[PDB]
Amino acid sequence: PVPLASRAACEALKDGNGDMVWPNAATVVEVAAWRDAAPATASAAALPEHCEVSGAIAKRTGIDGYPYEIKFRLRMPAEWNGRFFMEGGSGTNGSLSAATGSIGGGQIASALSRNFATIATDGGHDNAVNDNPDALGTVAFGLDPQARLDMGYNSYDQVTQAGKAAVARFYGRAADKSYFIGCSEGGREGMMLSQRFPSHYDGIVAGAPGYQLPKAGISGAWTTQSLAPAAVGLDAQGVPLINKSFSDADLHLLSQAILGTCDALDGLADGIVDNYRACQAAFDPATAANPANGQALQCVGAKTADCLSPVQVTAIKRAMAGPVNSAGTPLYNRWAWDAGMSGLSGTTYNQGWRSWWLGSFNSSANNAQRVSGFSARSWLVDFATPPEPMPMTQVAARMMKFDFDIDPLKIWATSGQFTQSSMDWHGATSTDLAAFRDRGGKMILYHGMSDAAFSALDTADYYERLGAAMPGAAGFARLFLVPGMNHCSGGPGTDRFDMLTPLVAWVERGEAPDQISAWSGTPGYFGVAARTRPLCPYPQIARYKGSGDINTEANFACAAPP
């Protein structure tokens, strides 16, 4: 005689503590604990009294000899709004968060703080355990084929099913609606769900989605080899210091030149390139001027602090252009020029763009994500098939000798026990969302224009393919590009927003987001205390109404570009 949504019902969910039936028979509950309410903190909204359940699914040994399991953590509030929530991952996953239901966007509130039931997974591997010194550290899960499948799609499927079964037993009813919010790798997960598991979630937010993540290391090898002629000095292995190709002052000059060409193309000079399409048609660093001195951005002779050398201009132009093979066939996409490639807040230069292709300037070693960091490591072990484990010191050189006629094929290939390609299990490129749309599914995409991890133009290209394949796609899927914003957060733009509130309104009331309110997390980039702007559904952009404070969303409306 155990009442629903109670401490007794919570503790009954543990193995050997009752009658709970899990969808996957290999589910092990390690924790089923009643949690008191937690007060608000400086960085988190208050958490209601809830049941916390944590465990793992399909504990096994991989073909690499390492243990694998799909961890989950679920929190079911005693006072429940009838909604189910899953948060996405980041990086290459491998960690189990507090699972309070992050909504991204730099937000204080969690889904659990709004009385959702919330769940998270580690994706099928554990960074504390699946750490192989001969397979590039925590990307070493790529040595096991099933761990790849779990990372690609299976972990989120198993955890969604397990969460909904516990919700049904704990509350005595299924969730009215289910929601998923993820950014980066979590954005790829959201797109994967809409394509592969259309009925798992009714509302999906997919920010900066790496829906072509196996191509990232291809872009990384390209940007690495493109910036190398501008590098100064060598690291300990004799590899050119890609981080020395551009100083922070150099990048700020590039950004200021982008603003000189593109800032006013939306009708208002405000440090924000709202008209990104017009900017791409207008800006060329080989021709653009330095608006501070009126002279050309590219140096005429020797390098000064007010110009970029012709080698630098050639290098960044090639990097932004995107990778091509010998036939000239594009292998990923190009990248948009934007002011968030740099930015200055007080005396602090923005690192949020250069960390991906360049790395920190004040280092005698390469530390860019795409040169020697996690992204380059992940491609070699997780996305190349068969995997290419190596010592950590060899990664930068491996990117320098990357062959664009041979190596890109490895993301489409199968080998031995690796029976799916990395584009098979990790890719989420399908525009067949009819099952998702026709059951009432709604999807909000967002992407920062100054994202150096994944190209915002590549998300836009996906959205255009979606609208062509599905007439009237704006009725269930809308894309919100964020000028100036880096990867998932940061940069001179309005990078903070509450995506959960309009997602619920769209799914449950049919109210499509004609704009989404946003604010800047670092308004010092513009020298103000605060800046609020509307995000606009693609292809619309923000247009100043002609009067009022330029830092207040009320004085802007969404419209077609000028």
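Residue numbers run from 1 along the displayed sequence.
- Compared against other deposited entries of this protein, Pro23 counts as consistently modelled, with coordinates in all of those that resolve the residues around it and thus below the third mark.
- Per-stretch averaging of Cα B factors for 425-433 and 274-282 places 274-282 on top.
- When the mean C-alpha temperature factors of 154-162 and 235-243 are read from the deposited coordinates, 235-243 comes out higher.
- Highest CA B-factor among the listed residues (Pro214, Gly301, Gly187, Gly203): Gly301.
- Take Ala452, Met192, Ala230, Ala460 and read off each C-alpha B-factor from the entry; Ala230 has the highest.
- The deposited CA B-factor of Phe84 belongs to the lowest third of values across its chain.
- When the CA B factors of the chain's modelled residues are split into thirds, the value for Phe526 lands in the highest one.
- Per the PDB record, residue ranking by Cα B-factor puts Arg496 in the lowest third of the chain.
- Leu358: CA B factor lies in the middle third for its chain, per the PDB record.
- Per the PDB record, residue ranking by Cα B-factor puts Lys410 in the middle third of the chain.
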